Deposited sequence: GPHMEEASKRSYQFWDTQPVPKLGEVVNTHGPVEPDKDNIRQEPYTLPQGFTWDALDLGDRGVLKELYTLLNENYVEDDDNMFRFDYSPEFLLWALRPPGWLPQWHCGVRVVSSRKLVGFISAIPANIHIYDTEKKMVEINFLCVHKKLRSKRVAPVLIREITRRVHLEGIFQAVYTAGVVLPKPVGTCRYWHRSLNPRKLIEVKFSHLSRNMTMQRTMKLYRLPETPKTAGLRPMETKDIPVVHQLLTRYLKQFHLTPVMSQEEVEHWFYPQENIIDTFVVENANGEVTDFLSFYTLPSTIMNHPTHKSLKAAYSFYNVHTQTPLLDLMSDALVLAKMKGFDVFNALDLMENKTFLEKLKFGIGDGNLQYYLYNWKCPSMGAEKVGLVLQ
């Protein structure tokens, strides 16, 4: 295969086996000050997402041009503020491309800062998300310019490694995960053709029926007082994997404190009053009118069996009106996916590091979930 752009980047080649650990190129001690040249008639713009009108341009750009062409992500403004303004976010890392004459938003890419644990190293990186080019500008080499410009802007802040994911295979995946789906409203999914029959319709609704209330004693929504223990449980739980975030307590609050229609977190508080487990999933609908999906986030278990935790996750999602519950085969999720009646999806998710050469890993050692 020929990768015009990626062959010029500090990433391992596809097919080269990696047995080393470390950067591909050194930290840069002088950085291009000038933005990379866009095609004529387009210009860079850093998007102030605290401007409601500018945020509305971005979700319009994303809702209409982002990821069989039946279902498109329907990102909401409030979800985007959550994904794009975690602790340490920078406005110049909300990199947008506008038509010069009309100022219409036609491309975007974002970086947010994360401390990343990869094997035996902890490194300050960025996470790259929401790379989007208007359908009209496609195959005009604008995506590589966006990648180069966000790289430049991240170098300016002294950061030289990134993590990112993609559905397509690029040089070179550190890990490969697969999406799985758990029908919660089987009628609706079959109607809008997201799932198909295998077996009567009546048999299917019984097959997927869930309890009306969770079975775990002491389950309840996360509260402000749970922020420390949630942070402690997560940090300890993540040590067993090989690619994980290292979150501060403020980061834990941002990513797990519940926000309606964005992020749900439930903790298990036992008969002694100690929080010993939590489950979490985010909300991301897709346009078809709409398909309400929940996405498995981070699920930590120390006293409740993981199979019971996720069973409760499905139940709460069902109760909250979601149509489907999605989850990757990473961390220990393979231990519950089949038993809890998930079906395997058709889309992969490849995980990548920029400027870090290291052996690849099984899905089960990936302990990092992005939005």
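**Q** Numbering from 1, run down the deposited sequence and write out every stretch that has no C-alpha in the structure.
**A** Unmodelled stretches, in sequence order: 1-9, 77-79, 211-212, 303-308.
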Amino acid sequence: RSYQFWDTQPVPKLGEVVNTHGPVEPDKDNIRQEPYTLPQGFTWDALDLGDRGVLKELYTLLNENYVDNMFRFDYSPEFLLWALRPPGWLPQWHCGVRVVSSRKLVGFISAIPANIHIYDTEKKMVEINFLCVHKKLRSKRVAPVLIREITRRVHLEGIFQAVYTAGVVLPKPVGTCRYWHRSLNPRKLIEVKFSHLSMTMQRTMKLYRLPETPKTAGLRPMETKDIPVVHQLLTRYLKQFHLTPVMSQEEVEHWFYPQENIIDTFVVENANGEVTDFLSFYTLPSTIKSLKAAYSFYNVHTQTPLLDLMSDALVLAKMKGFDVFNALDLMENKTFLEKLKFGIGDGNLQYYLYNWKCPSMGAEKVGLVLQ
From here on, numbers count along this sequence of modelled residues.
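**Q** Looking at the entry, does 50-58 or 341-349 show the higher mean C-alpha B-factor?
**A** Between 341-349 and 50-58, it is 341-349 that shows the higher mean C-alpha B-factor.
**Q** Looking at the deposited entry, does 187-195 or 89-97 carry the larger mean Cα B-factor?
**A** Stretch with the higher mean C-alpha B-factor: 187-195.
**Q** Sort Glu149, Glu157, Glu274, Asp74 by C-alpha B-factor from the entry and give me just the highest.
**A** Across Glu149, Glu157, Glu274, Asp74, the entry lists the biggest C-alpha B-factor for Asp74.
**Q** Which one, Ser248, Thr283, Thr204, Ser296, has the peak C-alpha temperature factor per the PDB entry?
**A** Of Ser248, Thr283, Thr204, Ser296, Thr204 has the highest C-alpha B-factor.
**Q** Report the third (lowest, middle or highest) to which the CA temperature factor of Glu260 belongs, ranking only the modelled residues of the same chain.
**A** As the PDB entry reports it, the C-alpha B-factor of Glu260 lands in the highest third of its chain.
**Q** So where's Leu307 on the chain's Cα temperature factor ranking, which third?
**A** CA B-factor rank for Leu307: middle third.
**Q** Which third of the chain holds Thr244 when residues are ordered by C-alpha B factor: lowest, middle or highest?
**A** Tercile = lowest for this residue's CA B-factor.
**Q** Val369: which third of its chain by C-alpha temperature factor?
**A** Middle third.
**Q** Relative to the other modelled residues of the same chain, rank the CA B-factor of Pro359 and answer lowest, middle or highest third.
**A** Middle third of the chain for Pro359's C-alpha B-factor.
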